[PDB]
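One structure is given below, encoded as structure tokens.
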Amino acid sequence: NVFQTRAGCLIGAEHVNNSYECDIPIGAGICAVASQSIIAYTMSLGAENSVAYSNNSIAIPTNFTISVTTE
Amino acid sequence: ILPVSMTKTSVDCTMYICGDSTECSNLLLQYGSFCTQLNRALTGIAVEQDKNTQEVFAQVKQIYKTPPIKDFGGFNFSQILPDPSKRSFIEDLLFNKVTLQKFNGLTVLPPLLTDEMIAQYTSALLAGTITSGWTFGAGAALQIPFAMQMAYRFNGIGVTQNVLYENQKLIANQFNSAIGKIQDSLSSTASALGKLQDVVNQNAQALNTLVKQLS
Amino acid sequence: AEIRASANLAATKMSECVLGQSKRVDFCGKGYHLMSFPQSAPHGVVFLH
Amino acid sequence: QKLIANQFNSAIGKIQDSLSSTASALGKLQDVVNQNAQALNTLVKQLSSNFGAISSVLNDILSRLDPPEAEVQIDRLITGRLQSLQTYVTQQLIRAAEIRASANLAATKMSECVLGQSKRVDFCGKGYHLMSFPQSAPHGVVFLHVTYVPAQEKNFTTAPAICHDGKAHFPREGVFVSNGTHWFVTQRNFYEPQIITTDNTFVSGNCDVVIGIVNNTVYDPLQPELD
Ligand SMILES: *[C@@H]1O[C@H](CO)[C@@H](O)[C@H](O)[C@H]1NC(C)=O
């Protein structure tokens, strides 16, 4: 295929619409295998969840997980 | 104000030095791998400009969304929270106070995180710190009413929380008013973004000398 | 390398003052800190301490 | 205590698994080995370049040329091997300053998180910090930031103060929380409500000022002892 971006003309990738966490940064917000084909999509910032603000309602946790990252 | 990234400029070595010539290149091949060596250095910092903006902004997991109704205990956030008319209000003034072309071998790769994405991260960072306070940085974002949050930050610096409530209405006015003077001090006084302008001035002045040297 | 020193300083001022209330003296504005607000900019970041 | 010890013991277990299984887990240390060895490689490859002389091996140009003419070619190598060695040095002086910026950051993360519990947000792992564990590595250091992360949140109804006998009551260390029917205070980061006695609230002024308070009853523990 042939697909046009803001970074340039990208041939070989099949443009899609649903967003993903992006693999191979291409530029101008567009990244790039998934089921035997190369897909070039828009980056996703992640799952969009806006939390339920009130003027009088708090939310307090009831359990925790002590976890070990590395660095 | 802090700069966080410079323009991901890149330069093709052989096309700068030779510029589409066969006689010149076969000479440039005798200088070993100078061409390969510089080209790697320049894309080493171009790929790093993407790690700078990915660290300052991409600190949050999910993109929080600010609520429709805005009842923030009297605190008026109209200036910072985004306006769908176009990006926020103050941000819009910032994008007007700066004065940000390729010839031969030179180029400007575009930044990976587009500006309307960078403007989006800074909205979640705004909608988490308005609604949730500290916690959207520590784990599951717990919501807490703003007028109560500022009480829990007054309890930070060593002021018992009663002070806020007992002065809530005035405190909200000072804060709302202080935010107002910002855009005024920003709009009126030019040379307010001295720091960001240099990193544009220097880095573009330096490119200019690179081309003048072709003559 | 002068910018990666600032990009790292902004990566801290956002983790230490936007995502929390910092106790460090004079790190986030003159005075006792209450909060801070990121704002994008052409090539930088602007905090409203 | 017993469960907490299990989570911690279990969390440590997944580390070596995530480390052993997933290759490219030490991306950071591997570059500083890759780059710094790749850069050396180019330094030697440059010994095989002409720079314009008749030959890149100093022996031959020396073997088959008279000294007056030879040094005119030897000069074209020296002028090149120098510029290519002085390029290598510069890139190291820059690369070493990038490590002295990390060596200083690790000298801090050890003094601020191994030798104490750091209050800086997001300095030592995502979440509230508990402790950290150094681990040597080939040319670096690896920290195991043991952090506390809340979960399983539930919504409640909040109220900034409690107007009792006309006076307001503000929580000493807690948030005024109600399960709809009964009001409580609780530590702000772990659900554990309690009955609003007087020794966990402090009072100030009548209850006309601060907006949002509710009418409630703060029981005094002294009264059941007077009778
Ligand atoms: C993506 O959406 C656009 C606009 O709705 C549409 O024109 C296009 O065909 C879609 N692309 C694919 C691969 O479905």
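Residue numbering restarts at 1 for every chain of the structure tokens, chains are lettered A, B, ... in their displayed order, and ligands are numbered from 1 as they appear.
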| Which residues sit within 12 Å of ligand 1, counting only C-alpha atoms and all ligand atoms, listed as a PyMOL selection string? | chain A and resi 1+3+13-19+39-42
How would the residues just chosen look if you wrote them out with N, CA and C atoms as a short mmCIF file (atom, residue, chain, number, x, y, z; two decimals), in the first residue's frame?
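So selection-v2.cif came out as:
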```
data_model
loop_
_atom_site.label_atom_id
_atom_site.label_comp_id
_atom_site.auth_asym_id
_atom_site.auth_seq_id
_atom_site.Cartn_x
_atom_site.Cartn_y
_atom_site.Cartn_z
N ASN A 1 0.82 -1.20 0.00
CA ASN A 1 0.00 0.00 0.00
C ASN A 1 0.86 1.26 0.00
N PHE A 3 0.72 5.15 1.94
CA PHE A 3 0.04 5.97 2.93
C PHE A 3 0.87 7.21 3.18
N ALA A 13 2.97 -0.15 4.63
CA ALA A 13 2.14 -0.29 5.81
C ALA A 13 0.69 -0.02 5.48
N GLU A 14 -0.19 -0.73 6.16
CA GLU A 14 -1.62 -0.65 5.93
C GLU A 14 -2.25 0.16 7.05
N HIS A 15 -2.70 1.36 6.73
CA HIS A 15 -3.18 2.28 7.74
C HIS A 15 -4.46 1.77 8.38
N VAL A 16 -4.60 1.98 9.68
CA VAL A 16 -5.77 1.52 10.42
C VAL A 16 -6.35 2.67 11.22
N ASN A 17 -7.40 2.38 11.99
CA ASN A 17 -8.10 3.44 12.71
C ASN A 17 -8.08 3.27 14.22
N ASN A 18 -8.27 2.06 14.74
CA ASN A 18 -8.20 1.90 16.18
C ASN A 18 -6.77 2.11 16.66
N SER A 19 -6.64 2.82 17.78
CA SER A 19 -5.34 3.20 18.30
C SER A 19 -4.77 2.09 19.17
N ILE A 39 1.05 -2.48 10.32
CA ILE A 39 -0.01 -1.49 10.46
C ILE A 39 0.59 -0.21 10.99
N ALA A 40 0.15 0.91 10.45
CA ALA A 40 0.63 2.23 10.84
C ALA A 40 -0.54 3.04 11.34
N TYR A 41 -0.53 3.39 12.62
CA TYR A 41 -1.69 3.98 13.25
C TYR A 41 -1.29 5.23 14.01
N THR A 42 -2.25 5.79 14.71
CA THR A 42 -1.99 6.93 15.58
C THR A 42 -1.65 6.43 16.96
#
```
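Here CA of residue 50 in chain B stands at a distance of 11.1 Å from CA of residue 109 in chain B.
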I'd like the contact shell of range 60-66 of chain A - 10 Å cut-off, only C-alpha atoms, skipping same-chain residues fewer than 2 positions apart - returned as a CSV table (one decimal) with C-alpha atoms, in the first residue's frame.
```
chain,number,residue,atom,x,y,z
A,58,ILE,CA,-14.3,10.9,48.5
A,68,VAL,CA,8.9,-4.5,43.8
A,69,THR,CA,9.8,-2.7,40.6
B,139,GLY,CA,-1.6,4.3,42.0
B,140,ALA,CA,-5.4,4.1,41.5
B,141,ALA,CA,-6.6,7.7,41.2
B,142,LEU,CA,-8.8,8.4,44.2
B,143,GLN,CA,-11.1,11.4,43.9
B,144,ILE,CA,-11.4,14.0,46.7
D,4,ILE,CA,2.1,-8.5,54.0
D,5,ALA,CA,5.1,-10.8,54.3
D,6,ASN,CA,3.7,-13.1,51.7
D,7,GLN,CA,3.1,-10.3,49.1
D,8,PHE,CA,6.6,-9.0,49.7
D,9,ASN,CA,8.1,-12.5,49.5
D,10,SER,CA,6.1,-13.2,46.4
D,11,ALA,CA,6.9,-9.9,44.7
D,127,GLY,CA,4.0,4.6,44.6
D,128,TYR,CA,4.7,5.5,48.2
D,129,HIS,CA,8.2,4.3,49.1
D,130,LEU,CA,8.9,1.7,51.7
D,145,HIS,CA,12.2,-0.4,45.0
D,146,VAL,CA,9.7,-1.9,47.4
D,147,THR,CA,6.8,0.4,47.3
D,148,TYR,CA,3.3,0.6,48.8
D,149,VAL,CA,0.4,0.8,46.2
D,150,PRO,CA,-3.2,1.2,47.3
D,151,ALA,CA,-6.1,-0.6,45.6
D,152,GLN,CA,-9.7,-1.6,45.9
D,153,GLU,CA,-11.2,1.8,46.4
D,154,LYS,CA,-14.8,2.5,47.4
D,155,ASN,CA,-16.8,5.8,47.2
D,156,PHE,CA,-18.0,7.5,50.3
D,175,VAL,CA,-11.3,12.6,56.8
D,177,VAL,CA,-16.5,9.8,56.1
D,186,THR,CA,-10.4,7.5,58.9
D,187,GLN,CA,-6.8,7.7,58.1
D,188,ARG,CA,-6.6,9.2,54.6
D,189,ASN,CA,-4.9,6.2,52.9
D,190,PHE,CA,-6.5,3.0,54.2
D,191,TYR,CA,-10.2,2.4,55.0
D,192,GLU,CA,-10.5,2.1,58.8
```
| query | Which one of D:16, D:63, D:158, D:117 sits closest to chain B if you count only C-alpha atoms? | reply | D:158
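Residue neighbourhood of residue 6 in chain C, excluding near-sequence residues (fewer than 3 positions): residues 1, 2, 3, 4, 5, 6, 49, 52, 53, 55, 56, 195, 196 and 199 of chain B; 1, 2, 3, 9, 10, 11, 12, 13, 43, 44 and 45 of chain C, at 12 Å, using only C-alpha atoms.
Each of B:72, B:152, B:57, B:34 was compared to chain A using only C-alpha atoms, and B:72 turns out to be the nearest.
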| task | Could you give me the residues within chain C that DSSP places in alpha helix (DSSP H), as a PyMOL selection string? | result | chain C and resi 4-13
| said: Here is a test: counting only C-alpha atoms, which residue of B:85, B:62, B:37, B:129 is nearest to residue 15 in chain C? | reply: B:129
Quick one: everything within 6 Å of residue 36 in chain C, counting only C-alpha atoms, minus sequence neighbours fewer than 3 positions away in the same chain. Send it as a PDB file with N, CA and C atoms, in the first residue's frame.
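Wrote it out as part31.pdb, contents follow:
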```
ATOM      1  N   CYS C  17       6.272  18.017  42.259  1.00  0.00           N
ATOM      2  CA  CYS C  17       5.440  19.161  42.583  1.00  0.00           C
ATOM      3  C   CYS C  17       4.071  19.121  41.940  1.00  0.00           C
ATOM      4  N   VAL C  18       3.925  18.501  40.782  1.00  0.00           N
ATOM      5  CA  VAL C  18       2.622  18.294  40.190  1.00  0.00           C
ATOM      6  C   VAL C  18       1.973  17.039  40.727  1.00  0.00           C
ATOM      7  N   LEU C  48       3.300  26.693  37.049  1.00  0.00           N
ATOM      8  CA  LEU C  48       2.635  27.791  37.726  1.00  0.00           C
ATOM      9  C   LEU C  48       2.617  27.490  39.213  1.00  0.00           C
ATOM     10  N   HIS C  49       3.722  27.724  39.875  1.00  0.00           N
ATOM     11  CA  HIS C  49       3.890  27.274  41.238  1.00  0.00           C
ATOM     12  C   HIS C  49       3.010  28.105  42.148  1.00  0.00           C
TER      13      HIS C  49
END
```
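Note that the spacing between CA of residue 67 in chain B and CA of residue 50 in chain A amounts to 7.3 Å.
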Residues of chain A near chain B: apply a cut-off of 8 Å, count only C-alpha atoms, and supply the list as an mmCIF file with C-alpha atoms, in the first residue's frame.
```cif
data_model
loop_
_atom_site.group_PDB
_atom_site.id
_atom_site.type_symbol
_atom_site.label_atom_id
_atom_site.label_comp_id
_atom_site.auth_asym_id
_atom_site.auth_seq_id
_atom_site.Cartn_x
_atom_site.Cartn_y
_atom_site.Cartn_z
ATOM 1 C CA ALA A 7 6.590 12.859 8.336
ATOM 2 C CA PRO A 25 7.796 5.518 16.495
ATOM 3 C CA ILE A 26 7.506 7.068 13.068
ATOM 4 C CA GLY A 27 6.754 10.707 13.662
ATOM 5 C CA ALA A 28 4.080 13.342 14.031
ATOM 6 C CA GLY A 29 2.135 11.067 16.346
ATOM 7 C CA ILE A 30 2.137 7.977 14.115
ATOM 8 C CA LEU A 45 -1.976 8.046 25.113
ATOM 9 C CA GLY A 46 -3.596 5.154 26.942
ATOM 10 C CA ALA A 47 -7.056 4.315 28.153
ATOM 11 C CA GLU A 48 -9.075 7.495 28.591
ATOM 12 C CA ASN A 49 -10.870 7.423 31.928
ATOM 13 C CA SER A 50 -12.130 10.581 33.566
ATOM 14 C CA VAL A 51 -12.825 10.048 37.246
ATOM 15 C CA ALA A 52 -16.132 10.951 38.884
ATOM 16 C CA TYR A 53 -15.583 14.273 40.622
ATOM 17 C CA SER A 54 -18.141 15.446 43.156
ATOM 18 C CA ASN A 55 -18.295 18.324 45.554
ATOM 19 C CA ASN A 56 -18.848 16.004 48.498
ATOM 20 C CA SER A 57 -17.666 12.486 47.705
ATOM 21 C CA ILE A 58 -14.317 10.905 48.528
ATOM 22 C CA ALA A 59 -13.007 7.450 47.662
ATOM 23 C CA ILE A 60 -10.698 5.663 50.084
ATOM 24 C CA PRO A 61 -8.787 2.442 49.354
#
```
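If you take only C-alpha atoms and a cut-off of 6 Å, the residues of chain B that reach chain D are residues 30, 31, 32, 138, 139, 165 and 166 of chain B.
Comparing the minimum interatomic distances between chain D and each of C:30, C:20, C:14, C:8, counting only C-alpha atoms, we find that C:20 sits nearest.
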| request: Write out as an NGL selection string all residues of range 100-210 of chain D that DSSP puts in strand (DSSP E) for this structure's backbone. | output: :D and (128-131 or 146-158 or 162-163 or 167-171 or 175-178 or 183-186 or 193-194 or 201-206)
With C-alpha atoms retained, could you export that selection as a short mmCIF file (atom, residue, chain, number, x, y, z; two decimals), in the first residue's frame?
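What landed in selection38.cif:
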```cif
data_model
loop_
_atom_site.label_atom_id
_atom_site.label_comp_id
_atom_site.auth_asym_id
_atom_site.auth_seq_id
_atom_site.Cartn_x
_atom_site.Cartn_y
_atom_site.Cartn_z
CA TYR D 128 4.69 5.53 48.24
CA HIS D 129 8.15 4.33 49.13
CA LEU D 130 8.91 1.65 51.69
CA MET D 131 12.56 0.68 51.14
CA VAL D 146 9.71 -1.93 47.45
CA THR D 147 6.77 0.45 47.32
CA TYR D 148 3.26 0.57 48.75
CA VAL D 149 0.42 0.85 46.24
CA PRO D 150 -3.22 1.17 47.34
CA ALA D 151 -6.07 -0.60 45.59
CA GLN D 152 -9.71 -1.64 45.92
CA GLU D 153 -11.19 1.81 46.40
CA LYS D 154 -14.77 2.54 47.40
CA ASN D 155 -16.76 5.76 47.16
CA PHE D 156 -17.99 7.47 50.30
CA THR D 157 -19.55 10.78 51.23
CA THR D 158 -17.33 13.50 52.67
CA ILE D 162 -18.77 18.41 61.90
CA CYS D 163 -20.92 21.12 63.41
CA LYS D 167 -18.98 24.57 67.08
CA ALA D 168 -17.26 22.97 64.12
CA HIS D 169 -15.18 19.83 64.47
CA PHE D 170 -12.33 19.22 62.16
CA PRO D 171 -10.53 15.88 61.94
CA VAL D 175 -11.32 12.58 56.75
CA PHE D 176 -14.93 12.77 57.82
CA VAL D 177 -16.47 9.80 56.06
CA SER D 178 -19.96 8.30 56.08
CA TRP D 183 -20.32 9.19 60.05
CA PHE D 184 -16.69 8.36 60.76
CA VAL D 185 -13.13 9.60 60.56
CA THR D 186 -10.43 7.53 58.93
CA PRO D 193 -13.29 4.21 60.19
CA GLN D 194 -13.86 5.03 63.83
CA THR D 201 -11.26 15.92 66.44
CA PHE D 202 -10.27 19.45 67.30
CA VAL D 203 -12.67 22.36 67.57
CA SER D 204 -12.60 25.98 66.42
CA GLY D 205 -15.35 28.58 66.27
CA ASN D 206 -19.06 28.30 65.67
#
```
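Between CA of residue 177 in chain B and CA of residue 76 in chain B lies a distance of 9.0 Å.
Proximity to range 71-76 of chain D at 10 Å, evaluated using only C-alpha atoms and with sequence-adjacent residues fewer than 3 positions away removed, yields residues 50, 51, 52, 53, 54, 55, 56, 57, 58, 61, 62, 65, 66, 67, 68, 79, 80 and 81 of chain D.
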